[PDB]
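What follows is a single structure, written as structure tokens, with notes after it.
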2 protein chains.
Amino acid sequence: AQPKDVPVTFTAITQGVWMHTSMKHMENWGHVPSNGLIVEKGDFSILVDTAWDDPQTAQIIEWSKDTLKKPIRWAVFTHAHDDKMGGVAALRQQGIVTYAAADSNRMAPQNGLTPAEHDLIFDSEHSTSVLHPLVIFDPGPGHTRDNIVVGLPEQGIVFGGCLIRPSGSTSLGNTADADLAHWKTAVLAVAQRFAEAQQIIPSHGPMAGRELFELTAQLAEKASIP
Amino acid sequence: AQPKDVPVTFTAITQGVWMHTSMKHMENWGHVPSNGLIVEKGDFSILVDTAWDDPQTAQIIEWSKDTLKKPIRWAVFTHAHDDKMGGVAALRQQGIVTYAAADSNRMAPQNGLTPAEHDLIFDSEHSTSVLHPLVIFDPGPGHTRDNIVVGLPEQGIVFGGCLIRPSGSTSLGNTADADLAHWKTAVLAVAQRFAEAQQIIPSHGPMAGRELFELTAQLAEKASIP
Ligand SMILES: [Zn+2]
Ligand SMILES: [Zn+2]
């Protein structure tokens with residue numbers, strides 16, 4: 001009735017784009033969800049963000065092989081916290097090619113996380129098509145110093161990660177590692193880079209629209225003012 | 001897929017004893033569970049603790065009338081927090097007779113809660129059988145200054161509320177209103193008053209055995225020492 005460990009759920013977002021949601025068990029026996037993406041690419045698939053730990057990330061790998069029939073071959077992570085890089089070791093064990101921002105790979109050891117194998121190389125416009133059709137974009141410090149976002153401009157989807165706050169949020173959440181001064185600038189930079197995308201996916205809760213940009217911008221503006 | 005509001009669940013514990021579990025939606029779109037009891041008494045039933053809010057408590061009232069066919073006529077609450085008295089108003093609108101510790105009723109309007117209608121009157125041994133076969137026991141301050149417990153000695157069940165920590169806990173949880181000095185004494189007083197009960201129900205997570213007494217006593221002992 002009250003299970004400690006719940007299996008990772010997979011939901012179709014659009015054609016060729018799946019959202020994976022995993023739950024972390026808390027001491028009060030509640031759960032906190034985290035979203036990631038699986039993006040089809042020919043006969044294989046790209047993973048955006050891991051689950052909370054190795055065995056939950058192992059579920060995503062197995063689901064991509066057994067159900068999707070498109071095994072994950074590449075993975076990218078949006079920042080160096082355990083809801084995004086918690087299961088990096090399980091990917092590198094399976095031979096997945098893993099990418100992260102150079103800053104995310106440097107601070108992963110301190111946060112008790114396995115680093116990604118490759119540093120992303122951004123161009124002068126702070127983008128990289130190394131995982132096309134994903135556009136990996138670096139908007140600057142916000143939720144963390146190292147957070148990056150992933151856009152799917154062909155399908156009108158932005159995965160904002162923790163940089164974008166869940167719908168209904170009245171606070172910025174965990175602000176221990178945040179850059180309150182720059183958070184609004186980073187949110188607006190994402191909205192301007194993917195000006196057409198109508199489907200915005202935060203790290204927690206349901207996918208929504210561009211109002212998530214307004215919500216996070218205003219919550220960050222209010223927090224930036226002493 | 002990810003619902004904001006999940007319905008209250010009801011679980012048979014033993015014959016004539018049900019456990020209700022309700023979830024509070026959080027800003028990270030996680031959920032926090034809370035347990036209470038419904039105890040059959042002839043053609044009606046006794047409610048131990050509300051849900052988080054009025055509509056979730058309204059589900060319990062309606063489930064007791066439609067599914068159990070034993071409408072709730074009495075209610076008792078273990079302390080004046082929102083996961084125990086969050087729906088007292090819905091019980092009072094239905095004419096249900098409500099009880100709580102005197103201190104819980106003094107403390108409720110200050111914490112944004114509706115007080116219970118009657119103050120419990122305890123005997124020299126800090127018990128009352130006003131809601132027999134329930135034994136309502138006052139063990140002294142612990143999680144809060146006012147927390148009380150409910151025992152079903154005929155069935156070997158103790159409902160510890162927040163006074164008992166969930167299984168797997170490594171901390172005392174929300175310690176803002178706690179009595180760290182007396183918490184262990186209150187836990188041991190409950191374990192002594194109901195020496196034979198083998199089914200211990202905390203406020204969060206699954207029912208377990210008397211090792212919950214050991215866990216909370218040792219966590220409170222560790223925290224009481226400067
Ligand atoms: Zn984070
Ligand atoms: Zn409480």
Side-chain angles (χ1 to χ4, degrees), chain A residues 1-13 17-40 44-100 104 108-109 111-117 143-144 147 150 159-162 166 173-174 201-207, chain B residues 1-3 6 23 26 28-33 166-168 170 205-206:
Chain A
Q2 285 174 279
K4 189 190 181 192
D5 307 287
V6 33
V8 181
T9 59
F10 307 91
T11 61
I13 294 297
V17 182
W18 304 78
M19 194 173 95
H20 67 81
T21 300
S22 56
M23 315 300 288
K24 203 227 315 191
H25 163 81
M26 307 260 65
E27 271 205 19
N28 57 19
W29 281 77
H31 294 88
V32 292
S34 185
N35 303 326
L37 291 176
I38 303 118
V39 179
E40 303 177 22
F44 307 99
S45 55
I46 302 161
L47 176 64
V48 182
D49 287 337
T50 71
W52 291 92
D53 57 14
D54 287 327
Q56 269 182 327
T57 302
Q59 289 174 51
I60 302 173
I61 293 170
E62 225 64 12
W63 171 90
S64 77
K65 291 205 298 268
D66 296 336
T67 305
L68 193 58
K69 302 296 287 179
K70 293 169 175 289
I72 291 169
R73 281 306 165 85
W74 315 269
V76 63
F77 326 105
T78 57
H79 68 286
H81 278 172
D82 44 57
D83 53 329
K84 304 317 181 182
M85 300 187 66
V88 167
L91 301 169
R92 302 185 67 175
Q93 151 183 26
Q94 289 283 287
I96 317 298
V97 191
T98 62
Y99 296 82
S104 294
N111 295 332
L113 300 168
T114 300
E117 187 183 7
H143 163 77
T144 60
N147 53 200
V150 172
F159 178 75
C162 274
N174 172 47
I201 302 178
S203 277
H204 311 308
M207 162 186 59
Chain B
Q2 304 183 76
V6 35
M23 317 297 298
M26 299 191 294
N28 57 17
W29 282 76
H31 281 102
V32 164
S167 60
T170 62

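Chain identifiers are assigned alphabetically (A, B, ...) following the order of the sequence lines, protein sequences preceding nucleic acid strands; residue numbering begins at 1 within each chain. The figures here come from the full heavy-atom set of this structure, side chains too, leaving out hydrogens, waters and symmetry mates.
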Worked verdict on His204(A) versus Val32(A) for side chain to side chain contact (heavy atoms under 4.5 Å, CB included):
CA-CA 8 Å; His204(A) 311 308; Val32(A) 292; over 6 Å; no

Do [X] and [Y] have side chains that get closer than 4.5 Å, going by heavy atoms?
| X | Y | answer |
| --- | --- | --- |
| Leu47(A) | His20(A) | yes |
| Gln59(A) | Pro7(A) | yes |
| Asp83(A) | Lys24(A) | no |
| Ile38(A) | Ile46(A) | no |
| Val88(A) | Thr50(A) | yes |
| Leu91(A) | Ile61(A) | yes |

Under a plain distance cut-off of 3.5 Å, with no hydrogens placed, do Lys84(A) and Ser104(A) share a side-chain donor-acceptor pair?
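On atom types as modelled, these side chains do not qualify, holding no pair under 3.5 Å.
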
Under 3.5 Å, is there a donor-acceptor pair linking the side chains of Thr78(A) and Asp49(A)?
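Side chains of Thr78(A) and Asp49(A): pair found under 3.5 Å.
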
Aromatic ring proximity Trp74(A)/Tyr99(A), centre distance under 6.0 Å
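No, ring centres 6.0 Å or more apart.
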
When the aromatic ring centroids of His79(A) and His143(A) are compared, is their separation below 6.0 Å?
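Here the rings of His143(A) and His79(A) have centres that are less than 6.0 Å from each other.
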
If you round to the nearest 0.5 Å, how far is [atom2] of [Y] from [atom1] of [X]?
| X | Y | atom1 | atom2 | result |
| --- | --- | --- | --- | --- |
| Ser22(A) | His31(A) | OG | NE2 | 10.5 Å |
| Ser64(A) | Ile96(A) | OG | CD1 | 7.0 Å |
| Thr114(A) | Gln93(A) | OG1 | CD | 11.0 Å |
| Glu27(A) | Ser167(B) | CD | OG | 10.5 Å |
| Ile13(A) | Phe159(A) | CD1 | CZ | 10.5 Å |
| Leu37(A) | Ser45(A) | CG | OG | 11.5 Å |

For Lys65(A), all residues meeting salt bridge (charged side-chain N to carboxylate O under 4.0 Å, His left out), sequence neighbours excluded:
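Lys65(A) satisfies salt bridge (charged side-chain N to carboxylate O under 4.0 Å, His left out) with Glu62(A) only.
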
Non-hydrogen atoms of [X] and [Y] that approach each other most closely:
| X | Y | answer |
| --- | --- | --- |
| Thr21(A) | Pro33(A) | CG2-CB, 3.9 Å |
| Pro115(A) | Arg92(A) | O-NH1, 2.9 Å |
| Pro166(B) | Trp29(A) | CB-CD1, 3.6 Å |
| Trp18(A) | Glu40(A) | NE1-OE2, 2.9 Å |
| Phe77(A) | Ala116(A) | CE1-CB, 3.7 Å |

Do side-chain atoms of [X] reach the backbone of [Y] as a donor and acceptor pair under 3.5 angstrom?
| X | Y | answer |
| --- | --- | --- |
| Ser203(A) | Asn35(A) | no |
| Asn111(A) | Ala108(A) | no |
| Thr98(A) | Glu117(A) | yes |

Given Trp63(A) and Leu68(A), is the side chain to side chain contact (heavy atoms under 4.5 Å, CB included) satisfied, shown in steps?
CA-CA 6 Å; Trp63(A) 171 90; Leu68(A) 193 58; 3.8 Å; yes

